[PDB]
Amino acid sequence: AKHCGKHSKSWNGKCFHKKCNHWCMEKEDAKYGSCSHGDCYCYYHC
């Protein structure tokens with residue numbers, strides 16, 4: 001499985017999986033967004 005995780009240097013106030021997903025998708029065409037370390041990680045598909 002190939003999970004291309006964005007380097008989360010995109011600061012956001014509070015991390016929420018659903019909102020992370022939405023943001024990442026809208027922001028840089030991320031497949032999904034996941035909350036890791038309380039940070040919004042955008043996942044792309046290489």
# chains A, B, ... in the order shown; residues from 1 in each chain; ligands from 1
>>> residues_around(residues="stretch 15-27 of chain A", least_positions_apart="3", cutoff="9 Å", atoms="only C-alpha atoms", output="VMD selection string")
chain A and resid 12 30 to 36 38 to 44
>>> write_last_selection(atoms="N, CA and C atoms", output="PDB file, in the first residue's frame")
ATOM      1  N   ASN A  12      -2.899  24.299  11.348  1.00  0.00           N
ATOM      2  CA  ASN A  12      -4.325  24.361  11.503  1.00  0.00           C
ATOM      3  C   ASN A  12      -4.578  24.366  12.993  1.00  0.00           C
ATOM      4  N   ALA A  30      -5.956  15.912  -2.152  1.00  0.00           N
ATOM      5  CA  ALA A  30      -5.525  14.819  -1.361  1.00  0.00           C
ATOM      6  C   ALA A  30      -6.614  13.818  -1.359  1.00  0.00           C
ATOM      7  N   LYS A  31      -6.248  12.588  -1.284  1.00  0.00           N
ATOM      8  CA  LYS A  31      -7.204  11.508  -1.354  1.00  0.00           C
ATOM      9  C   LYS A  31      -8.023  11.495  -0.097  1.00  0.00           C
ATOM     10  N   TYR A  32      -7.341  11.716   0.981  1.00  0.00           N
ATOM     11  CA  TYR A  32      -7.905  11.718   2.275  1.00  0.00           C
ATOM     12  C   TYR A  32      -6.977  12.463   3.200  1.00  0.00           C
ATOM     13  N   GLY A  33      -7.461  12.762   4.359  1.00  0.00           N
ATOM     14  CA  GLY A  33      -6.687  13.420   5.357  1.00  0.00           C
ATOM     15  C   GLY A  33      -6.784  12.644   6.627  1.00  0.00           C
ATOM     16  N   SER A  34      -5.710  12.538   7.331  1.00  0.00           N
ATOM     17  CA  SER A  34      -5.688  11.778   8.535  1.00  0.00           C
ATOM     18  C   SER A  34      -5.058  12.610   9.629  1.00  0.00           C
ATOM     19  N   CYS A  35      -5.506  12.425  10.835  1.00  0.00           N
ATOM     20  CA  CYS A  35      -4.972  13.149  11.929  1.00  0.00           C
ATOM     21  C   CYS A  35      -3.924  12.286  12.575  1.00  0.00           C
ATOM     22  N   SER A  36      -2.734  12.761  12.586  1.00  0.00           N
ATOM     23  CA  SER A  36      -1.657  12.054  13.165  1.00  0.00           C
ATOM     24  C   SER A  36      -0.860  13.058  13.958  1.00  0.00           C
ATOM     25  N   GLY A  38      -2.014  14.822  16.149  1.00  0.00           N
ATOM     26  CA  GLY A  38      -2.828  15.994  16.328  1.00  0.00           C
ATOM     27  C   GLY A  38      -2.606  16.977  15.196  1.00  0.00           C
ATOM     28  N   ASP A  39      -2.036  16.484  14.115  1.00  0.00           N
ATOM     29  CA  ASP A  39      -1.807  17.270  12.922  1.00  0.00           C
ATOM     30  C   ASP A  39      -2.545  16.683  11.763  1.00  0.00           C
ATOM     31  N   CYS A  40      -2.917  17.537  10.867  1.00  0.00           N
ATOM     32  CA  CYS A  40      -3.626  17.163   9.680  1.00  0.00           C
ATOM     33  C   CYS A  40      -2.633  16.732   8.600  1.00  0.00           C
ATOM     34  N   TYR A  41      -2.620  15.459   8.303  1.00  0.00           N
ATOM     35  CA  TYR A  41      -1.765  14.907   7.284  1.00  0.00           C
ATOM     36  C   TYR A  41      -2.558  14.625   6.036  1.00  0.00           C
ATOM     37  N   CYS A  42      -2.159  15.236   4.964  1.00  0.00           N
ATOM     38  CA  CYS A  42      -2.817  15.047   3.697  1.00  0.00           C
ATOM     39  C   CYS A  42      -2.165  13.888   2.974  1.00  0.00           C
ATOM     40  N   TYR A  43      -2.941  12.977   2.467  1.00  0.00           N
ATOM     41  CA  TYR A  43      -2.377  11.857   1.759  1.00  0.00           C
ATOM     42  C   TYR A  43      -2.694  11.915   0.296  1.00  0.00           C
ATOM     43  N   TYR A  44      -1.668  11.829  -0.490  1.00  0.00           N
ATOM     44  CA  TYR A  44      -1.776  11.874  -1.920  1.00  0.00           C
ATOM     45  C   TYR A  44      -1.518  10.493  -2.461  1.00  0.00           C
TER      46      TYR A  44
END
>>> select_by_dssp(residues="chain A", states="helix (DSSP H, G or I)", output="number ranges by chain")
A: 17-28
>>> select_by_dssp(residues="chain A", states="strand (DSSP E)", output="PyMOL selection string")
chain A and resi 4-5+32-36+39-44
>>> write_last_selection(atoms="N, CA and C atoms", output="PDB file, in the first residue's frame")
ATOM      1  N   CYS A   4       1.090   8.259   0.430  1.00  0.00           N
ATOM      2  CA  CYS A   4       1.998   9.378   0.274  1.00  0.00           C
ATOM      3  C   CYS A   4       1.574  10.513   1.189  1.00  0.00           C
ATOM      4  N   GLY A   5       2.193  10.585   2.344  1.00  0.00           N
ATOM      5  CA  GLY A   5       1.818  11.568   3.325  1.00  0.00           C
ATOM      6  C   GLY A   5       2.537  12.882   3.161  1.00  0.00           C
ATOM      7  N   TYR A  32      -7.341  11.716   0.981  1.00  0.00           N
ATOM      8  CA  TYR A  32      -7.905  11.718   2.275  1.00  0.00           C
ATOM      9  C   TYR A  32      -6.977  12.463   3.200  1.00  0.00           C
ATOM     10  N   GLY A  33      -7.461  12.762   4.359  1.00  0.00           N
ATOM     11  CA  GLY A  33      -6.687  13.420   5.357  1.00  0.00           C
ATOM     12  C   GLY A  33      -6.784  12.644   6.627  1.00  0.00           C
ATOM     13  N   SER A  34      -5.710  12.538   7.331  1.00  0.00           N
ATOM     14  CA  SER A  34      -5.688  11.778   8.535  1.00  0.00           C
ATOM     15  C   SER A  34      -5.058  12.610   9.629  1.00  0.00           C
ATOM     16  N   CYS A  35      -5.506  12.425  10.835  1.00  0.00           N
ATOM     17  CA  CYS A  35      -4.972  13.149  11.929  1.00  0.00           C
ATOM     18  C   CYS A  35      -3.924  12.286  12.575  1.00  0.00           C
ATOM     19  N   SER A  36      -2.734  12.761  12.586  1.00  0.00           N
ATOM     20  CA  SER A  36      -1.657  12.054  13.165  1.00  0.00           C
ATOM     21  C   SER A  36      -0.860  13.058  13.958  1.00  0.00           C
ATOM     22  N   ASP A  39      -2.036  16.484  14.115  1.00  0.00           N
ATOM     23  CA  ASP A  39      -1.807  17.270  12.922  1.00  0.00           C
ATOM     24  C   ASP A  39      -2.545  16.683  11.763  1.00  0.00           C
ATOM     25  N   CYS A  40      -2.917  17.537  10.867  1.00  0.00           N
ATOM     26  CA  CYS A  40      -3.626  17.163   9.680  1.00  0.00           C
ATOM     27  C   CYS A  40      -2.633  16.732   8.600  1.00  0.00           C
ATOM     28  N   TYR A  41      -2.620  15.459   8.303  1.00  0.00           N
ATOM     29  CA  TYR A  41      -1.765  14.907   7.284  1.00  0.00           C
ATOM     30  C   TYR A  41      -2.558  14.625   6.036  1.00  0.00           C
ATOM     31  N   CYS A  42      -2.159  15.236   4.964  1.00  0.00           N
ATOM     32  CA  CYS A  42      -2.817  15.047   3.697  1.00  0.00           C
ATOM     33  C   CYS A  42      -2.165  13.888   2.974  1.00  0.00           C
ATOM     34  N   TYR A  43      -2.941  12.977   2.467  1.00  0.00           N
ATOM     35  CA  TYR A  43      -2.377  11.857   1.759  1.00  0.00           C
ATOM     36  C   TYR A  43      -2.694  11.915   0.296  1.00  0.00           C
ATOM     37  N   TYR A  44      -1.668  11.829  -0.490  1.00  0.00           N
ATOM     38  CA  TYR A  44      -1.776  11.874  -1.920  1.00  0.00           C
ATOM     39  C   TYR A  44      -1.518  10.493  -2.461  1.00  0.00           C
TER      40      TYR A  44
END
